[PDB]
Structure formats: structure tokens, C-alpha cells
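The chain contents come next:
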Amino acid sequence: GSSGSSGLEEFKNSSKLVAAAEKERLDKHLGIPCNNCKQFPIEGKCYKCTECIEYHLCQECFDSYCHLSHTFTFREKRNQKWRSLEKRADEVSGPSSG
Ligand SMILES: [Zn+2]
Ligand SMILES: [Zn+2]
């Protein structure tokens, strides 16, 4: 399973505001750094390979669908659980030969 912190209360909810880019834990969304670019914190979503060991990617690197080859899973904002990504695989041409 997974760790589900209790709550039953919605307060101090964030708001649409411009935030600066600084190298320091600003939000509780540190989770795990990227294994490719090594972006930390990972402002973008949090992805991980369910086939490899200690492997995690970021929304950015994910946009490239490089590691997508394996079964990855993305999480959601607090009070949520991982999710099974769709088989979104466009790259089918494969210029390998032509
Ligand atoms: Zn990355
Ligand atoms: Zn993998």
C-alpha cells in the first residue's frame, strides 16, 4: 500500500500566484529528484519506473517519453495516490532504417 496522512479539513489553501525559482525546499512536493536531469526540487509532476530500481523522472523529462518505454506511474497533489499512465506512444515511425 502507501502512506495516507489523515486530514478531514481544508484550510490555508494555496492561491494562483507568481513564485520565484530558487534552489531550496519551498513546498512539500520534494518527493524524489529526477534520475536523468536530476532536477530538485521537481517542480513538475513526479514519475517513477515500476520496472527499474530507485528510478524517478520529472514532468519535463517525461515530455520526451524516453524512459516511457517502461511502466511508469505519476502521482497527484496531496490526498492522492499514484496513477497508471496511458499507453501514449506516438513515436511509431522509427527512422531506424526507412
Ligand atoms: Zn528530469
Ligand atoms: Zn525503466
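The numbering scheme counts residues from 1 along every chain following its written sequence, independent of the entry's numbering, with residues that lack coordinates not shown. The order in which chains are written sets their letters, starting at A; the order in which ligands are written sets their numbers, starting at 1. Only hydrogens and water are removed before side-chain values are computed, so all heavy atoms of the structure are retained for them.

- Structure determination for this PDB entry was carried out by solution NMR, as recorded in the header.

## Description of unusual backbone geometry
Line of reasoning, step 1. Cis geometry marks the peptide bond from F40 to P41; its omega dihedral reads 0°.
Line of reasoning, step 2. Backbone geometry at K12 places phi at a positive 40°, although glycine is not the residue there.
Line of reasoning, step 3. Here the phi dihedral of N79 falls at roughly 65°; this positive angle occurs in a residue that is not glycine.
Line of reasoning, step 4. For helices the rule is a DSSP run of H or I covering at least 4 residues; for strands it is a run of E covering at least 2, with both sets numbered from the N terminus onward. Considering the arrangement of structural elements, one finds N79 in the loop between strand 3 (72-74) and strand 4 (83-84).

## Quick look at a negative patch on the surface
Line of reasoning, step 1. Surface patches are drawn from residues lacking salt bridges whose relative accessible area is over 30%; two like charges belong together within 9 Å, two nonpolar side chains (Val, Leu, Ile, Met, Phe, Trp, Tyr) within 5 Å. What sets the accessible areas is the Shrake-Rupley method with a 1.4 Å probe; for residues, cover comes only from the shown protein chains. Every case where a carboxyl oxygen of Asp or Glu lies within 4 Å of a side-chain nitrogen of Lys or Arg is listed as a salt bridge. Here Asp and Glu are counted as negative and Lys and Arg as positive; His is not counted, and neither are the chain ends. Note on charges: their place is set at NZ of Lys, CZ of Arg, CG of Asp or CD of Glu. On the surface, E22, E24, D27 and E43 cluster together into a patch of negative charge.
Line of reasoning, step 2. Here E43 lies in the segment before strand 1 (46-49).
Line of reasoning, step 3. Only protein chains enter the accessibility calculation, which uses a 1.4 Å probe; a residue is then buried when its area is under 20% of its type maximum, exposed when over 50%, and partly exposed in between. The class for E43 is exposed, based on a relative accessible area of 59%.

## Some points on the coordination of the zinc ion (ligand 1)
Line of reasoning, step 1. In this analysis a donor is any N, O or S atom within 2.8 Å of a metal ion (3.2 Å for sodium, potassium and calcium), and since water is not included, sites may seem incomplete. Coordination of the zinc ion (ligand 1) by the protein involves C34 (SG), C37 (SG), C58 (SG) and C61 (SG), with metal-donor separations of 2.2 to 2.4 Å.
Line of reasoning, step 2. In this structure, the zinc ion (ligand 1) is coordinated by four donor atoms arranged in tetrahedral fashion, with angles at the metal of 104 to 116°.
Line of reasoning, step 3. All donors of the zinc ion (ligand 1) come from a single chain, and their spacing in sequence reads C-x2-C-x20-C-x2-C. Taken together, the residues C34 in the segment before strand 1 and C58 in strand 2 (residues 56-58) connect sequence positions 24 residues apart.
Line of reasoning, step 4. Look at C34 and you get buried, because its relative accessible area is 3%.
Line of reasoning, step 5. Using a relative accessible area of 1% as the deciding quantity, one classes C58 as buried. Four donors are marked tetrahedral only if all angles between them lie between 85 and 135 degrees, whereas four are marked square planar and six octahedral if opposite donors are more than 155 degrees apart and the other angles lie between 65 and 115; the remainder are marked irregular.

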